[PDB]
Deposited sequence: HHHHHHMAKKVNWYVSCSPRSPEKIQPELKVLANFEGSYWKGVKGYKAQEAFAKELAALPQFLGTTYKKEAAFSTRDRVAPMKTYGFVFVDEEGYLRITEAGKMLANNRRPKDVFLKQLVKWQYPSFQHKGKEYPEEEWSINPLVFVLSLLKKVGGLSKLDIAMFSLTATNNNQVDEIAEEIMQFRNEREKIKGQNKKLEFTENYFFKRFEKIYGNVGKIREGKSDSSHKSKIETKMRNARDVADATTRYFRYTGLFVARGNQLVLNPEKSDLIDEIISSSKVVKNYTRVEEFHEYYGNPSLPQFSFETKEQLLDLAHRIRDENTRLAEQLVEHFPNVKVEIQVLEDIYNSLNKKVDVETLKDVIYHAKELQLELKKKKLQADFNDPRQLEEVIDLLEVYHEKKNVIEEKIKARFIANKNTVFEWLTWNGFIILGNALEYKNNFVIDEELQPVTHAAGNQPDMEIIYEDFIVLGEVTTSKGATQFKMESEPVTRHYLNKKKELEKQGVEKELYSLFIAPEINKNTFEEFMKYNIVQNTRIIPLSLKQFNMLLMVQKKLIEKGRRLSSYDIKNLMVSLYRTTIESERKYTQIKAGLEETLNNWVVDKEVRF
């Protein structure tokens, strides 16, 4: 048949936040001829402007554009011109972008204008993929990436939820009986092999399909987590329990519209970011929602403010946000207040972790997981696969960032990697950003981490770390922010040449890059764990003193690699001794 048997979240890009800067560029081409030969001039000029983005400096145009069509941001009208829908104009302008994605992905259906005709016959196809996963999870609790790959992508109709839920429950019951981890895996892989054989050099072909399903399941979890309707718990996608009422309405009102064959008519609906219109989206009920989020944020800050006065930052931001409602109480203003209020709630939740780390087992879990990264590559993959959806490179950013939260005292713990509504990690930081920026009262630390080693580490890290550092120093000067800037570079094993290159930049180009082995970083967290056991904890000054001290050693030590390396070990030990804790 021409007929496809699975749906698809493109891997270009694999994470949803990279659409917005592409779409902003594409919006400059609105009203250009875009189809057939008259369309060459515009597609070509777009290709080029898109090439200049930082995200491409460190493909076929039609492959970059396809997802923007699939999610209803853009279309080609019947006279062949490029048009940007209202959803695409909101996203280009960066207005409530997770809520734009949430409404586009809820309307997303097969068949559709992009997916119709002989390949997508109505006899087989009638599904809203995101709502299908919502309904499924109601039955099966959680789905791993592999579960999504095996069971979900090959659903082609909303009406299959009950039968696939049944099948999963029974697959988990068979697996559950199989004794021992390695036999469990074989069984899992055998079920997956046969299942996909019935669905589609032979063994080669069917393994390609399983791998494509795995790759797509990954992008699927990242786009779905971006809407906030789903979050990760361990290595499983689960429903977000803060969204239950929304998720029930979504399931109850979703639909596959029949009018998909004609472009303008289908996009007057699909391109409308007002739709679907949810019950609570009246002035009266959005007031109530804004007020409930205000109370949640108040409760969180109330409970932390005495022992963690760095919540003062979010308290003031909340006030600024809700003050808008002194001027205007219309639907659009209420939606902006709610969007920014939920963002600020996530900031309060990062500061809540400082309270959770008062429990020595929570603090020690981060230490033990960081220790996993001294093991062999294959051991790290397997241990991280069992506990996270994100790959082990992103999880190392996330663990290091938890490291900084454990140390305490920041005004802002700015992860540049993406996390979801439960603060679990999603996607690595972009190549033009440090992995995190930790902002303190009078200094700033860029956290730069890598699991890389050897020449590969020099190649991957030497230049980006120095450029991130000098870019931020220039930005701070431009903004008149007078705080001294440091970058803390952490790897399981710091390569000699990398180390030397940063020492050269500190003394020659006036950077303040401080390289610390993972072992040295974990010593810090062990220090703080021992202080908390005694009713004490590091102050902001303690952390500043460590960064200043280590920095001074980098530029004052004798120039030999082994001398600067020993100087740093000694400076670190001095600061550790000073804390009067015991190993």
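Residues of the deposited sequence missing from the coordinate set occupy positions 1 to 6, 65 to 72, 215 to 227.
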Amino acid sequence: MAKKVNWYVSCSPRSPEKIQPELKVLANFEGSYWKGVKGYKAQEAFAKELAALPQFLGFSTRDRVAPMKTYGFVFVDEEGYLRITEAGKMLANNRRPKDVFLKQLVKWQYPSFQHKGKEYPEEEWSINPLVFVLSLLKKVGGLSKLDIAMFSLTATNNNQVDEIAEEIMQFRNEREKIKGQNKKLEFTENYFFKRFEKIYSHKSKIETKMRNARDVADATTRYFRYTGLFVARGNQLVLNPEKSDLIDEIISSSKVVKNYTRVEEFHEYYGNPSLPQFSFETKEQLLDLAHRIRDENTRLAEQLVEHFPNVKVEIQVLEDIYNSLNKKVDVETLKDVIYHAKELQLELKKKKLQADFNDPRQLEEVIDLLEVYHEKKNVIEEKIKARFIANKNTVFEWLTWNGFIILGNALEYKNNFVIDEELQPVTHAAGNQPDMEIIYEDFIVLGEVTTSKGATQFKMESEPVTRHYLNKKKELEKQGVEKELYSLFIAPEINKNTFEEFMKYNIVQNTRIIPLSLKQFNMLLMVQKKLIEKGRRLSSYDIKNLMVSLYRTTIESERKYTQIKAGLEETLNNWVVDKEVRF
From here on, numbers count along this sequence of modelled residues.
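When the C-alpha B-factors of 152 to 160 and 402 to 410 are averaged, 152 to 160 comes out higher. Taking the PDB entry as given, 459 to 467 carries the higher mean Cα B factor of the two stretches 440 to 448 and 459 to 467.
Highest C-alpha temperature factor among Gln528, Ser557, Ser549, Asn28, as the PDB entry reports it: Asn28.
The residue among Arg83, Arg175, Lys107, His340 whose C-alpha atom has the highest B-factor in the PDB entry is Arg175. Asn310: CA B factor in the middle third of modelled residues in this chain (values from the PDB entry). Placement of the Cα temperature factor of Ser144 within the chain: middle third of the modelled residues, per the deposited record. In this PDB entry, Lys89 carries a Cα temperature factor that places it within the middle third of its chain's modelled residues. In the deposited entry, the Cα temperature factor of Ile19 places it in the lowest third of its chain's modelled residues. Sort the chain's modelled residues by C-alpha temperature factor and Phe521 lands in the lowest third, per the entry.
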